[PDB]
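K.L.:
Dropping in data_32.txt, with compact mmCIF, C-alpha atoms.
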# COMPACT_ATOMS: atom_id res chain seq x y z
CA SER A 6 0.00 0.00 0.00
CA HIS A 7 3.12 2.28 -0.07
CA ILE A 8 5.48 3.42 -2.87
CA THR A 9 9.19 4.25 -2.59
CA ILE A 10 10.70 7.29 -4.44
CA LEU A 11 14.44 7.72 -4.68
CA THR A 12 16.59 10.64 -5.96
CA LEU A 13 20.18 10.11 -6.93
CA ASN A 14 22.69 12.33 -8.80
CA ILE A 15 24.49 9.78 -10.91
CA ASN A 16 27.59 11.42 -12.57
CA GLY A 17 27.03 10.02 -16.09
CA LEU A 18 25.39 7.00 -17.69
CA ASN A 19 27.26 7.05 -21.06
CA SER A 20 29.39 3.95 -20.19
CA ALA A 21 27.88 0.45 -19.63
CA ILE A 22 29.80 -0.51 -16.45
CA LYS A 23 28.14 2.50 -14.98
CA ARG A 24 24.71 1.51 -16.34
CA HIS A 25 25.09 -2.06 -15.02
CA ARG A 26 26.02 -0.92 -11.47
CA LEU A 27 23.09 1.55 -11.49
CA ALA A 28 20.74 -1.25 -12.60
CA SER A 29 21.92 -3.56 -9.84
CA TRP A 30 21.95 -0.80 -7.15
CA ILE A 31 18.38 0.12 -8.33
CA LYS A 32 17.45 -3.60 -8.17
CA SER A 33 18.68 -3.84 -4.54
CA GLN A 34 16.94 -0.67 -3.46
CA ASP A 35 13.89 -1.64 -5.57
CA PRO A 36 12.17 1.76 -5.68
CA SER A 37 8.74 2.45 -7.30
CA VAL A 38 9.84 5.66 -8.85
CA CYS A 39 13.45 6.71 -9.30
CA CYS A 40 14.63 10.28 -10.14
CA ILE A 41 18.12 10.51 -11.59
CA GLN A 42 20.27 13.53 -12.43
CA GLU A 43 23.37 13.97 -14.58
CA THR A 44 22.60 11.22 -17.04
CA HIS A 45 24.94 13.00 -19.59
CA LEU A 46 22.94 11.38 -22.33
CA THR A 47 22.25 13.25 -25.51
CA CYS A 48 18.69 13.04 -26.89
CA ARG A 49 20.11 10.90 -29.69
CA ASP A 50 21.46 8.65 -26.85
CA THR A 51 18.19 8.50 -24.72
CA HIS A 52 17.67 4.92 -26.07
CA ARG A 53 20.87 3.85 -24.20
CA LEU A 54 19.14 4.01 -20.82
CA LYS A 55 17.46 0.64 -20.22
CA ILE A 56 17.11 -0.87 -16.73
CA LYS A 57 15.64 -4.37 -16.48
CA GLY A 58 12.51 -4.00 -14.33
CA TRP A 59 12.21 -0.26 -15.01
CA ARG A 60 11.05 0.06 -18.64
CA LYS A 61 8.99 3.28 -18.33
CA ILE A 62 11.69 5.98 -18.34
CA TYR A 63 11.08 9.69 -19.04
CA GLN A 64 14.03 11.77 -20.01
CA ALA A 65 14.92 15.41 -20.56
CA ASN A 66 18.36 15.75 -22.13
CA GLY A 67 20.51 18.44 -23.72
CA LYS A 68 22.07 18.25 -27.22
CA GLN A 69 25.47 17.79 -25.45
CA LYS A 70 26.75 15.18 -22.94
CA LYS A 71 25.98 17.42 -19.96
CA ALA A 72 23.01 17.78 -17.63
CA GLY A 73 20.34 15.11 -18.33
CA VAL A 74 17.50 14.02 -16.06
CA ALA A 75 15.34 10.87 -15.99
CA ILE A 76 12.39 9.55 -14.09
CA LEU A 77 12.18 5.74 -14.09
CA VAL A 78 9.04 3.88 -13.03
CA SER A 79 9.13 0.20 -12.04
CA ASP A 80 7.25 -2.44 -14.00
CA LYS A 81 5.41 -3.45 -10.79
CA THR A 82 4.02 0.06 -10.22
CA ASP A 83 0.91 0.75 -12.30
CA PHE A 84 1.57 4.37 -13.11
CA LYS A 85 -0.66 6.07 -15.59
CA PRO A 86 1.04 9.22 -16.88
CA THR A 87 -1.08 12.31 -17.52
CA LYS A 88 1.54 14.99 -18.19
CA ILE A 89 5.27 15.16 -19.01
CA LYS A 90 7.23 18.46 -19.30
CA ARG A 91 10.87 18.18 -20.34
CA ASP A 92 13.45 20.94 -20.16
CA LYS A 93 15.04 21.76 -23.56
CA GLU A 94 18.32 22.21 -21.64
CA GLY A 95 18.11 18.92 -19.61
CA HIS A 96 17.89 20.40 -16.13
CA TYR A 97 14.42 19.34 -15.13
CA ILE A 98 11.56 16.97 -15.98
CA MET A 99 8.05 16.89 -14.52
CA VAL A 100 5.80 13.91 -14.71
CA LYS A 101 2.28 13.85 -13.40
CA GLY A 102 0.24 10.71 -13.15
CA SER A 103 -1.53 8.42 -10.80
CA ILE A 104 -0.53 5.26 -8.89
CA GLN A 105 -3.64 3.29 -7.79
CA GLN A 106 -6.20 6.18 -7.88
CA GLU A 107 -3.83 8.69 -6.13
CA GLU A 108 -2.45 11.68 -8.13
CA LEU A 109 1.26 12.43 -7.91
CA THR A 110 3.43 15.18 -9.47
CA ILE A 111 7.24 14.65 -9.46
CA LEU A 112 9.54 17.47 -10.53
CA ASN A 113 13.08 16.13 -10.96
CA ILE A 114 15.62 18.96 -10.89
CA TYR A 115 19.33 19.37 -11.57
CA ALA A 116 20.31 22.97 -10.81
CA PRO A 117 23.64 24.39 -12.13
CA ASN A 118 26.86 24.74 -10.02
CA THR A 119 26.48 28.53 -10.14
CA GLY A 120 23.30 30.60 -9.70
CA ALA A 121 21.51 27.51 -8.29
CA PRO A 122 18.80 29.11 -6.01
CA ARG A 123 17.92 31.69 -8.67
CA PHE A 124 17.70 28.96 -11.27
CA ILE A 125 15.22 26.91 -9.12
CA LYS A 126 13.03 29.96 -8.29
CA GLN A 127 12.78 30.76 -12.02
CA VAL A 128 11.87 27.07 -12.73
CA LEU A 129 9.16 27.13 -10.07
CA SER A 130 7.85 30.29 -11.79
CA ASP A 131 7.87 28.77 -15.30
CA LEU A 132 5.96 25.75 -13.90
CA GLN A 133 3.59 27.64 -11.56
CA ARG A 134 0.44 26.28 -13.18
CA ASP A 135 1.55 22.67 -12.70
CA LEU A 136 2.40 22.79 -8.98
CA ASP A 137 -0.26 21.37 -6.72
CA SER A 138 -0.74 19.82 -3.24
CA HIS A 139 0.55 16.36 -4.22
CA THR A 140 3.86 17.70 -5.66
CA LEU A 141 7.32 16.24 -4.87
CA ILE A 142 10.31 18.25 -6.04
CA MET A 143 13.53 16.27 -5.85
CA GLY A 144 17.07 16.41 -6.94
CA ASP A 145 20.37 18.16 -6.85
CA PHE A 146 19.48 21.72 -5.89
CA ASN A 147 23.21 22.62 -5.72
CA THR A 148 22.33 24.64 -2.61
CA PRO A 149 21.48 24.15 1.08
CA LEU A 150 17.95 25.18 2.17
CA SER A 151 18.50 25.64 5.98
CA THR A 152 21.32 26.50 8.33
CA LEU A 153 21.61 22.78 9.45
CA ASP A 154 22.38 21.83 5.83
CA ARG A 155 25.72 23.62 6.14
CA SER A 156 28.77 22.36 8.09
CA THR A 157 29.37 25.91 9.32
CA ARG A 158 25.70 26.53 10.27
CA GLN A 159 26.12 29.84 8.37
CA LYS A 160 22.93 31.63 7.44
CA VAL A 161 21.44 30.85 4.01
CA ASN A 162 22.27 33.61 1.43
CA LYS A 163 19.57 36.08 0.31
CA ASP A 164 19.04 34.30 -3.04
CA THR A 165 18.23 31.07 -1.15
CA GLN A 166 15.99 33.03 1.33
CA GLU A 167 14.21 34.15 -1.88
CA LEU A 168 13.72 30.57 -3.06
CA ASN A 169 12.52 29.60 0.42
CA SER A 170 9.82 32.31 0.26
CA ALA A 171 8.77 31.18 -3.22
CA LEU A 172 8.44 27.54 -2.03
CA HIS A 173 6.45 28.69 1.01
CA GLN A 174 3.89 30.44 -1.29
CA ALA A 175 3.46 27.17 -3.20
CA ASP A 176 2.97 25.51 0.23
CA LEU A 177 6.07 23.30 -0.32
CA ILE A 178 8.36 22.32 2.58
CA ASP A 179 11.60 20.38 2.98
CA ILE A 180 10.20 16.88 3.63
CA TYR A 181 13.48 15.39 4.86
CA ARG A 182 14.26 18.19 7.33
CA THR A 183 10.62 18.18 8.48
CA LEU A 184 10.74 14.48 9.29
CA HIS A 185 14.29 14.86 10.76
CA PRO A 186 14.54 18.41 12.15
CA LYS A 187 17.82 18.02 13.98
CA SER A 188 19.58 16.17 11.14
CA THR A 189 23.14 17.20 10.41
CA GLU A 190 23.71 14.68 7.60
CA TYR A 191 25.20 15.62 4.22
CA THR A 192 24.59 14.36 0.64
CA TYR A 193 27.63 15.64 -1.25
CA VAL A 194 31.38 15.26 -0.88
CA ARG A 195 34.08 17.13 -2.94
CA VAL A 196 37.77 18.15 -2.76
CA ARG A 197 38.22 21.81 -1.92
CA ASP A 198 41.74 23.17 -1.30
CA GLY A 199 43.26 19.70 -0.94
CA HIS A 200 40.66 18.67 1.76
CA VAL A 201 37.22 16.96 1.77
CA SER A 202 34.23 19.32 2.02
CA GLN A 203 30.78 18.07 2.87
CA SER A 204 27.47 19.64 1.93
CA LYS A 205 23.83 18.90 1.79
CA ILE A 206 22.62 20.01 -1.59
CA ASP A 207 20.25 17.14 -2.62
CA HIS A 208 16.67 17.53 -1.35
CA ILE A 209 13.16 16.15 -1.31
CA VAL A 210 10.86 19.19 -1.16
CA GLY A 211 7.19 18.58 -1.29
CA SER A 212 3.65 19.62 -0.66
CA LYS A 213 2.88 20.13 2.99
CA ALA A 214 -0.40 18.12 2.30
CA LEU A 215 1.87 15.05 1.60
CA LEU A 216 3.37 15.00 5.11
CA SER A 217 0.37 12.86 6.15
CA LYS A 218 1.56 10.18 3.77
CA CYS A 219 5.29 10.14 4.52
CA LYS A 220 6.60 7.02 6.34
CA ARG A 221 10.45 6.59 6.31
CA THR A 222 13.11 8.77 4.65
CA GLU A 223 16.84 8.08 4.64
CA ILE A 224 20.05 9.19 2.96
CA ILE A 225 22.04 6.44 1.28
CA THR A 226 25.78 6.62 0.60
CA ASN A 227 27.00 4.73 -2.43
CA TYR A 228 29.99 4.04 -4.67
CA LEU A 229 28.14 5.17 -7.78
CA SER A 230 28.68 8.91 -7.20
CA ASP A 231 29.91 11.60 -4.79
CA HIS A 232 26.21 12.27 -4.05
CA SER A 233 24.16 10.32 -1.59
CA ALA A 234 20.69 9.21 -2.60
CA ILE A 235 17.60 10.20 -0.72
CA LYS A 236 14.85 7.62 -0.37
CA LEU A 237 11.28 8.36 0.68
CA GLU A 238 8.43 5.96 1.50
CA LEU A 239 4.79 7.16 1.23
CA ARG A 240 1.26 5.97 1.90
So that I can check it, write out the structure of this file as structure tokens.
P.N.:
Amino acid sequence: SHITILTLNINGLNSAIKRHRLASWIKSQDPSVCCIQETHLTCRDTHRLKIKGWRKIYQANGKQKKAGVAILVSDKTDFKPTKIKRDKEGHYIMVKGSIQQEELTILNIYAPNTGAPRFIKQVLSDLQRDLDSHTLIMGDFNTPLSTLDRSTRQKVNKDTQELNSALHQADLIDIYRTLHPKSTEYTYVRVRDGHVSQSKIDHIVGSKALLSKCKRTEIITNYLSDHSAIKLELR
């Protein structure tokens, strides 16, 4: 009676060792719906993403081997799609549908390194009509949302305060931080000045009306990427 949704930033699916280790990690985790960022697939190369057990795959790619987002739905989930909006530039994809009589809107987002919070606010504006009270927005936001998302506990910048306001008008909240308020976990690891630096830039934001449905969430380290996956279970 529950479905599992998972977001992972994948760091490229062009090679087939990569695709095979994704498929078997996805098999293990066995999610209903899976949102993936940084496919690096061209739109000529969309056909290259096949995952045994996950045949329904919606993709928004760019004409280069950069960006690239997919939403994969498992063969065992009866998902009836009603709307799909793909970014021309491969940085977001929205799919609306229903699973067993319940409507669900998933916006999968890969914001850019630079100008991230401004980019997301603009995307929420372009897609204003489509947002509703059963909306999940997941992916690599390339930005913290709260002070506890940062190792330094520094205040969020004014751009990200601006995004936070915009989300609050759409009645969207950070689902992970809401279910785990004191969390000081991170989702992203890089090398900065010859040392490791940790951040929490991958999020599951969603409609505050969906909180009633949320069972477990958890962050999942992996050897597929420098990003950790977030998994969410809902009623």
K.L.:
Do a neighbour search on residue 128 in chain A at 10 Å with only C-alpha atoms, toss out local chain neighbours closer than 4 positions, and write the hits as a PyMOL selection string.
P.N.:
chain A and resi 92+96-97+114+116+122-124+132-133
K.L.:
Excluding residue 235 in chain A and any residue of its chain fewer than 4 positions from it, enumerate the residues within 12 Å of it, using all atoms listed in the file, and give them as number ranges by chain.
P.N.:
A: 9-14, 34, 36, 39-41, 143-145, 180-182, 190-193, 205-210, 221-227
K.L.:
Quick one, how far is CA of residue 167 in chain A from CA of residue 16 in chain A?
P.N.:
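Going from CA of residue 167 in chain A over to CA of residue 16 in chain A covers 28.5 Å.
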K.L.:
Pick out the residues sitting within 7 Å of residue 70 in chain A, and hand them over as a ChimeraX atom specification; count all atoms listed in the file, and ignore anything fewer than 4 positions along from it in its own chain.
P.N.:
/A:45-47
K.L.:
For CA of residue 154 in chain A and CA of residue 91 in chain A, determine how far apart the two atoms are, in Å to one decimal place.
P.N.:
28.8 Å
